[PDB]
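Peer 1: before the rest arrives, take these chains from my complex:
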Amino acid sequence: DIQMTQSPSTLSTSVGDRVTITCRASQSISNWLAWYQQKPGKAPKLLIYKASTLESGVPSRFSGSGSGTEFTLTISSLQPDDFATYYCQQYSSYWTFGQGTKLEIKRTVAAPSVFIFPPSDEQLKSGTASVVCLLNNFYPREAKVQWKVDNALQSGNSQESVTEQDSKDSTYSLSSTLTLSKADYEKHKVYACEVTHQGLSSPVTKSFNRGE
Amino acid sequence: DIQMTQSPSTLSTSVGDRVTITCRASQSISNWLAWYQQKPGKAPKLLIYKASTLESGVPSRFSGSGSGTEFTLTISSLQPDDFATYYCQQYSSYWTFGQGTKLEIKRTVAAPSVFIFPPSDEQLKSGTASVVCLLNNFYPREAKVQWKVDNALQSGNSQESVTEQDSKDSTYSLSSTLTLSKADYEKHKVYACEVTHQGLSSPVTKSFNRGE
Amino acid sequence: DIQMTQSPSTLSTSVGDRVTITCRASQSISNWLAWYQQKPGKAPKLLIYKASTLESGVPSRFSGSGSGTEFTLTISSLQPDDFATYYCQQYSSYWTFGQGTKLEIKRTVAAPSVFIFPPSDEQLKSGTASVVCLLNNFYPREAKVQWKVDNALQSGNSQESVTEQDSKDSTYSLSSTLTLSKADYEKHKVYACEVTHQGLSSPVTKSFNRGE
Amino acid sequence: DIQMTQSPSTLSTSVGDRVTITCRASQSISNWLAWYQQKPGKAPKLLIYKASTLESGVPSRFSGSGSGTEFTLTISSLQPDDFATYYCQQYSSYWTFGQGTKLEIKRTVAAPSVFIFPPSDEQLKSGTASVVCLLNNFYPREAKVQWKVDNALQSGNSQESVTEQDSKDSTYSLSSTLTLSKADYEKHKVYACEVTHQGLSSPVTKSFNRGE
Amino acid sequence: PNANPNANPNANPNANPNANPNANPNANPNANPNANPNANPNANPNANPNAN
Amino acid sequence: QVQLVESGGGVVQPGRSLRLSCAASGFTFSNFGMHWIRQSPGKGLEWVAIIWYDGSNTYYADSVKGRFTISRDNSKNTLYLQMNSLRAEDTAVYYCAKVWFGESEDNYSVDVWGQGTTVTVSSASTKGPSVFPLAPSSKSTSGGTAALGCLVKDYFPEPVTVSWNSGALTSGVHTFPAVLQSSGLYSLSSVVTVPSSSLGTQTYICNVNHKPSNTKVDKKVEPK
Amino acid sequence: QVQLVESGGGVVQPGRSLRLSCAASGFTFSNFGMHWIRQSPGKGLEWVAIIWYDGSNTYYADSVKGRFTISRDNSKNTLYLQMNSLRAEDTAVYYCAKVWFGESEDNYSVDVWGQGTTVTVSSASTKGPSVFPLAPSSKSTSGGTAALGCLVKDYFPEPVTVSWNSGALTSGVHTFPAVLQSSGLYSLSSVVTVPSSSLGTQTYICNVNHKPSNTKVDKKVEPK
Amino acid sequence: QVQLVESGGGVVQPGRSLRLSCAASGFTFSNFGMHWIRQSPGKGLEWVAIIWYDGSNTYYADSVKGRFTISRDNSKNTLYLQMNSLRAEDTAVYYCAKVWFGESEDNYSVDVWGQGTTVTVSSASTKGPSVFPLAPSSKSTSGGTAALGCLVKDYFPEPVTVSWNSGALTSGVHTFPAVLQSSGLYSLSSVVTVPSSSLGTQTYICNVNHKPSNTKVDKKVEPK
């Protein structure tokens, strides 16, 4: 029915910054728009209704603006308790939420540490072969990991997992798991993961030989 | 206090006619309206509730309609058993009845027969003087009887009585009683009752002289 | 009361054709116009609202266009399930429907077969005389049937009935019934129906003599 | 929480005057506004509901008007029983009352009589010193009292009390009590109260010397 | 100015449905005098265990 | 079927009390609420009181609140209406009525009415009527038809019965409904049309009967 | 899915009343407004009435204003149309229809129509049909094809069923739609084309059935 | 007519509880909802709570939600308000009030208020007053009129009564309303205007009475 769109999807910011996020509806919803804050692993909490009314108990540093099809939420001075995900919601015709905007802790650039792990002999005995490539303590979160098996790019046979921002230094860690059958795994020799990141002048490549 | 009003107050109709009576409330009563029929000298009987639901045992020729403040009762084909008085009743806020609509048997016009009776000598001996003017077998019921004493109109010293519709020919009879003290009666000479009716081209006047 | 008018009233078309029908309002109705499809012996179905919004479940080959007082409905590629009657409807001020446009299956020309039936002796004994002229399996629908009784043209004493397009060969059948009293019927001799059709270079005439 | 505001807070009026008081809501309350009358030392009594409906038993000289956010109560001809405090009350969303308007008995201007009383020796023995400034039989009520102790203005150590309008002559009386410690009291000499009133061309000052 | 002072009347005839779903506090807090005065045929026909 | 029988009505002086009862049969009386409704010529139909099936809630019209008390005895299947401090305007016919069966959230009214009992509130004392002849003459003759009658004046209370020739003459008899006078006494007339050619030979006597006072008067009406 | 079922239609004399009902299922009936729309061959599709979801606003076409009353029972999920003072031109098929869901400021119409119920306003009395044979002869033969049939005349009301040889002959059968005559009675014809070489030997009988009158007629059509 | 009588009010220390009751008569109490409304000099009129006729729904003001509990006993015709965790600002006069009768869809408020009961939340202990003389002198004389009085200081709780010469002197007496001090003790003054020519000969004694502490003080005020 009513389409909702939030921008940006992710915003890297620092304590004390002025933050403005936008939310757009596919059609006119008048002023019947609410903003909800949600912390990870916790229930969402109401921040603003009628696009500009502050909920009781919400600090005054939050403010809303907008009417018709364009709406904005502004945080005058970001505080550490405000690091959470913000959803807009039209309630003019039924109820639809936006995808949500996650406010990320901005920090300096840190290049990833790259480690590769081959499948254990026990798992190979079990009939499966999982190869793991680990990127530790990097920022920002955007990075590319490409699996190459005897210089052949892989596609559709890997899975990625990303941690939340580390509490101590606000960095990310990412695991990529390449899964193959024992026969497919033993039908090749070289297994590499190549990593590119904005903090790296050249791509980093880790590789091993099957059996080595 | 919700006021109820029925129209018309009296409806002259004939067997086989389509009858529609209306009932209006001073404020919105939704659909909580009932219709009751009462025959003379007999207890009222329930006809319709919720403005349009037919009571069990009521013939299908009765129907109700209406909502809010205007309601109607319709008889598709009048039958001789249906000649009675119909009351509406709101039961949305306490209970109030309308003034009632009496369904009268319509017939051709018949002029009244006029008779006058002087006070008896016994009543004059008793100290009172009643003069009686009688209108026999007339239709419709509306008629005017004016007492004139030496061509002077009387007011506040007369009482009227009307019979019900005769079972055989549906005519009315009316009695007018002028009551005076013997001294008031003997302080004048001419006593007349004048009658006007839509069936009379000219008013009819009966009169006597005191003592004659 | 906004008047609506659809053109054409009848459109001969073939499967796979691009069909465009028009609809006009007596005054400006902005874009508040809906299109409904109705199959014979079946309830109407909503196709388009707001003049150009496709109803859920409606194939994409339907499209609407138009604004103000002129609107069009377009079927990009006609399919056999789409042979039905199409109505436009303004809903700017109350609700009024157009006369409807029936999409007809175009086929080759087929001349009618003409049959005549005289009144039965039982019906003649009953006091009435019905004469039947039948046109069987013809296309297109336009044809003219003229009744002549002793070379005298008849008017106001005949009735026509037309079938729908046959499911097997898309042809029409038409019956014409001439009704007369027994005295009127027996006061003449020759009874003929003359038929003209676009597949006939000359009119075809069937006739009988009363009693023959 | 709907805010209510009444104007004026106090209105001086006379018997026979036309009185109009106003009441405003912070948001639209439709017509759900009631007016209550309260006499001093007595429970409030209902006057008007639905902003314009007169309660049974209420004299017709009271009337209400207004809708949305502005409402007025009108007394066409004030009578002595109507000298009381009038509260408006919205009952559209929970229930909130205005501050109340007190109808005051208008009379001629009367300048105050000013009296001063020094602290008693017994109270000084008890450790406290109360100085009393009295304004007797003045109208209107508005007056200003400034305390001067050796020409030094006092603040935060005085309390005022005002009587109701006298039943006989509709005047006010006011008492001001200045409270000080015995050491503070004996650390000064001159104690004065200065009074200004619209009936006084110049301020009146009464004073005494400590020990005199 | 001089806009239409009547209904559309082709306006929305359905629910909102975002209308107020709560209970209006300023509702009727009194008993409906013309409510159901009869005994309920579907009521408790057993014997209260906590009766005297 | 359902049957309701009122009793207890009669003549009562203003300021006194009176208790009406209504006996119910043909249905489970204890399962239904009841109404008392009164009817008078001046106000028409007028609801008086309602009582719940268990007596927990009772309601009264504003004109009677504080004076009337409705109650019921479900062990006796009897409905009661205690009327105190009666005024003149309470004179009416009182009906008990049964509430219909309906749905749980519907509003309710009555479906079966009782027979009705008459209550007359007046300070007038019991008094027999005065019967005066309405003598026919030339002034009461139109063609071959004449009118004669009897005037039954100043009696209390209702009702009175009038017959002609001990009931042998009923064709053409019109007894008017009684009217209440300013003096609190009732009065009515009874008339009959007779062939003028029968006057002076056929005897016409009106027979007035008043059971409350055991009055029986046979008055002969002679022409002038 | 959404389903609407009309009931209450039938034959009614002019001047009488009739109540149509529409049972709704497959959706929350109480949340939507409804229309009644009628269709007749003379006037086409014609809107009749609209009702709000809560019944607060109702509208009617000018031709029916003051005679028709649209209502609803949200507890029963039923839409009603009480039609009084019916005229001849009110004969039509009546559909109930559900308003679609839209935006708050849009204009609204209907998206789902009911099945429809037929209302016939006529003063004609129930009457069985007259079945007459349409006998084939030389005047109804062109080549090897001949035409024969049955004329079903002067019946009321609708409908009637026609079969040929107890249903054994359906190829080439054309039953025309009924036409309304000046007398208020319907009439139709049913024809069939047969091989001319089969005339005189194959027996053709039309079976007309009229359930309202329990009429069953088997008419044999013989050549001349 | 309708009558409401509050009881249970008094002095209570902060943090403790107190239960107010409201006895209703003159109407069917069980048929009406009720309000508790309080009035204080600092906040004016302030709605506290509402309860339905059957107690099914209750509502409270935001400032008291979670601390006050409103209930009712329809068998006793009694309305109750249990107040827990009282703060100093809850000192006010509390009224019970009856909701008026209206239409089914209207909004509702109160029409009849009770008499009111005073609740004083203070940590002050019961204490008799100190009576000090307001001695007249040359500084309190204007023409033939002089002023004298009595200061009634540092008492708790309210009220106190003041008379002059055992009530024999009432003309020209002004007893001011009490004022609450920072110490939680009350204080007031009573003044009287007398002829200056009567000083030294007419005896003036103020009689202060405080029933809560059984205090009776007759203080004579003499000039200096």
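Peer 2: Here it is on my side, so go on. Numbering: from 1, shown residues only, chains lettered A, B, ... in the order given.
Peer 1: any idea how far residue A:40 is from residue A:85?
Peer 2: 8 Å (CB to CB, to the nearest Å). Yep, even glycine has a C-beta here, placed from its N, CA and C like the rest.
Peer 1: quick one, which of these two is more surrounded?
Peer 2: Taking other CB atoms under 10 Å in any protein chain shown, residue A:40 and residue A:85 do not tie; residue A:85 has more neighbours (16 against 10).
Peer 1: what residue in chain F comes nearest to chain E?
Peer 2: Proximity to chain E, evaluated over chain F using CB to the nearest CB, is greatest for residue F:33 at 2.8 Å.
Peer 1: in this structure that residue contacts residue F:109, no?
Peer 2: No: the pair residue F:33 / residue F:109 is not scored as a contact, 10.3 Å apart, by CB atoms under 8 Å.
Peer 1: find residues that contact each of the two.
Peer 2: residue F:99 (CB atoms under 8 Å, 6 or more residues apart in numbering or on different chains).
Peer 1: which residues of chain A lie near chain F?
Peer 2: Residues of chain A that fall close to chain F, judged by CB under 8 Å from any CB of the partner chain: none.
Peer 1: residues in contact with the helix or strand containing residue A:89: which ones?
Peer 2: Here residue A:89 is covered by strand A:85-90, with elements defined by DSSP states H and E. Residues outside strand A:85-90 that contact it (CB under 8 Å, 6+ apart): A:2, A:4, A:6, A:21, A:23, A:25, A:29, A:32-40, A:44, A:47, A:71, A:73, A:95-98, A:100-103.
Peer 1: try it again with 6 Å
Peer 2: A:2, A:23, A:25, A:29, A:33-38, A:96-98, A:100-102 (CB atoms under 6 Å, 6 or more residues apart in numbering or on different chains).
Peer 1: ok so, going back, what sits against the closest residue to the residue of chain F closest to chain E other than its chain neighbours?
Peer 2: Closest residue to residue F:33 apart from its sequence neighbours, by CB to CB, 6 or more residues apart in numbering or on different chains: residue E:37 at 2.8 Å. Taking CB under 6 Å, 6+ apart, we find residue E:37 in contact with F:33, F:52, F:53, F:99, F:108.
Peer 1: let's put chain I on the structure above:
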Amino acid sequence: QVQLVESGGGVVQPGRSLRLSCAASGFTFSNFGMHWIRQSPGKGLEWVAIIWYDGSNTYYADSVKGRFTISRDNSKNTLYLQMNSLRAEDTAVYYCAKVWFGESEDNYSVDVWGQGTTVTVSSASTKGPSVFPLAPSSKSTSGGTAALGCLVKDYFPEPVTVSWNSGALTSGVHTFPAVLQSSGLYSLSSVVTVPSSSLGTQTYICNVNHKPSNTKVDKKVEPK
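Peer 2: Time to bring in chain I:
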């Protein structure tokens, strides 16, 4: 304050049914409408159903209409959601939520959300995990820091707990969120960075515990 507690969630095979409940406290539950809203990683936040305070009107999202049923028990202060014919895409965390209080003509949404209950629609059977070592070597060493870990593969359902040295080692531990594989089994990894100079002498064992299957596996990770 306001508190909402969901219960009833768990693992359910597709096509089966499941009933969620929401216990409310801290407010008058019967006075407020409620929502059920679900959240899944694929669709984000998604409204499911709404119910009126009295249950008279209910609304559902289009993707769930006809399969889910929202109800409430105001006597128990409990909100219910019966889910039938569950599909794979219905796996999500479901929250109950309370509608805020507003004005009569405003639009409404939720202000207080419940805790949430997880619903997982999968045909997978309960299965303990396979724990494989991620052995450190020269290819996972940069300076004096090395990386080792444990791969927890092919378990169902969620969740699993991973500890290191019975909880004695927490510095530098990264347990990745589980990912759902094409086979319907979950898998994750847990890694830790250790001083390279401690390898071969310090013992590192990962302790995987899975309460749904009561699985406890202590896997030692040795270098190669």
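Peer 1: once more on the contacts of strand A:85-90, with chain I this time?
Peer 2: Contacts for strand A:85-90 (CB under 6 Å, 6+ apart): A:2, A:23, A:25, A:29, A:33-38, A:96-98, A:100-102, I:45.
Peer 1: now swap in stretch E:2-11 and tell me
Peer 2: Contact partners of stretch E:2-11, identified using CB under 6 Å, 6+ apart, comprise C:91, G:59, G:107, G:108.
Peer 1: can you put those in JSON lines and add distance to residue H:80 and neighbour count?
Peer 2: Listed next are the contacts of stretch E:2-11 as JSON lines, based on distance: CB to CB, whole Å; neighbours: other CB atoms under 10 Å in any protein chain shown:
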{"residue": "C:91", "distance to residue H:80": "58", "neighbour count": "22"}
{"residue": "G:59", "distance to residue H:80": "52", "neighbour count": "19"}
{"residue": "G:107", "distance to residue H:80": "55", "neighbour count": "24"}
{"residue": "G:108", "distance to residue H:80": "52", "neighbour count": "25"}
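Peer 1: sort out which one of these lies nearest chain A for me.
Peer 2: residue G:108 (14.0 Å).
Peer 1: wait, doesn't the closest one sit right on residue G:101?
Peer 2: No: with contacts counted by CB atoms under 6 Å, residue G:108 stays clear of residue G:101, the gap being 8.9 Å.
Peer 1: circling back: which ones among the contacts of strand A:85-90 map onto strands?
Peer 2: Among the contacts of strand A:85-90, the members found in strands (DSSP state E) are A:23, A:25, A:33-38, A:96-97, A:101-102, I:45.
Peer 1: give me the buried entries from these.
Peer 2: Neighbour-count burial (16 or more other CB atoms under 10 Å in any protein chain shown) is assigned, among these, to A:23, A:25, A:33-38, A:96-97, A:101-102, I:45.
Peer 1: okay if I get these as TSV plus distance to residue A:190?
Peer 2: Shown next, in TSV, are those (distance: CB to CB, whole Å):
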residue	distance to residue A:190
A:23	48
A:25	52
A:33	55
A:34	54
A:35	51
A:36	49
A:37	48
A:38	45
A:96	49
A:97	46
A:101	42
A:102	38
I:45	45
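Peer 1: now chain F against chain D: closest residue?
Peer 2: Nearest to chain D, among the residues of chain F, is residue F:62, at 9.5 Å (CB to the nearest CB).
Peer 1: and then chain J:
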Amino acid sequence: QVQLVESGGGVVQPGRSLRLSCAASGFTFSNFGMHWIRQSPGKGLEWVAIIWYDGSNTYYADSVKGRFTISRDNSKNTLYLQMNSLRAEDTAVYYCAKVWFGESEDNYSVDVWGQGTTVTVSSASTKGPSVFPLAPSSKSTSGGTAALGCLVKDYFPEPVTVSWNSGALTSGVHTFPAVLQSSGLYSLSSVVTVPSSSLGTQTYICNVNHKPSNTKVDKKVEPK
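Peer 2: Chain J now in position relative to the chains above:
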């Protein structure tokens, strides 16, 4: 058809208030906006106020803005006009009127007017009339026709009726419309032409009636 009935008009002292009402029937009152328009001999036709169908927008003429208040009760189908601070020039006949139905972008006015109610703002007190004879003589005779009459002076308020010989004489009667004088009292004349040959023998009496004061005067007019 459409019917509008005004009520509430009358005589009001300057400075007082008055409330006019308009009862509507024959159409859906809640679907239409309404006007109040007044007409006086001094100002002609003059629009007063307009109200929207839902009461959301109201407009007033500048001469009445701030003093008059237009409102409506759609539950009672009644239009109201509360008039405060009335001035003398506000005396007029006030009509309520219904706006016609049109297109969405058209401008709107009224199509159906009510019956009208008269409002007279004057400080004059109720006063019976003085009836003086206009005696015929030689100066009021032309041929066989003479003129006589009655002067009805200094009465309040309107209206008064004049008849001749208790209504027996109507041929040749001319009752002039009343004129308002500087004193606030009304006055008019009634004249009749009679045959001069009938003077001195035929008795002529004028019957003046003033219902507000219950005045009835029969004045005989004799020639000189």
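Peer 1: repeat for the contacts of strand A:85-90, accounting for chain J.
Peer 2: A:2, A:23, A:25, A:29, A:33-38, A:96-98, A:100-102, I:45.
Peer 1: same deal with stretch F:196-215?
Peer 2: Residues from elsewhere that reach stretch F:196-215, judged by CB under 6 Å, 6+ apart: F:126, F:128, F:131, F:141, F:144, F:146, F:150, F:152, F:160-164, F:166, F:216-221, F:223.
Peer 1: could you turn the buried ones of these into a PyMOL selection?
Peer 2: Of those, the buried ones can be selected in PyMOL as follows, counting by 16+ other CB under 10 Å:
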select buried, chain F and resi 128+131+146+150+152+160+162+163+164+217+219+221+223
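Peer 1: give me the residue from chain A nearest chain G.
Peer 2: For chain A, CB to the nearest CB, closest residue to chain G: residue A:93, 6.7 Å.
Peer 1: domain assignment for the chain?
Peer 2: You didn't pick a chain, so chain A it is. If you go by curated CATH domains, the domain ranges for chain A are A:4-105, A:113-209.
Peer 1: you looked at the wrong chain, it should be chain F
Peer 2: Per curated CATH domains, the structural domains of chain F span F:3-121, F:130-220.
Peer 1: for the residue found closest to residue F:165 once you drop the neighbours it is linked to in the chain, give the beta-bridge partners.
Peer 2: Using CB to CB, 6+ apart and skipping the chain neighbours, the partner closest in space to residue F:165 is residue F:205 (6.2 Å). Here residue F:205 sits in beta bridges with residue F:220, as judged by DSSP bridges.
Peer 1: could you report the distance from residue F:205 to residue F:193?
Peer 2: The gap separating residue F:205 from residue F:193 is 16 Å, by CB to CB.
Peer 1: who's more crowded, the two?
Peer 2: Taking other CB under 10 Å, residue F:205 and residue F:193 do not tie; residue F:193 has more neighbours (22 against 16).
Peer 1: mind listing what residue 45 touches?
Peer 2: Looking at chain A here, since you left the chain open. Residue A:45 is in contact with residue A:37, counting by CB under 6 Å, 6+ apart.
Peer 1: let's do chain F instead
Peer 2: Applying CB under 6 Å, 6+ apart, the residues near residue F:45 are B:87, B:97, F:39.
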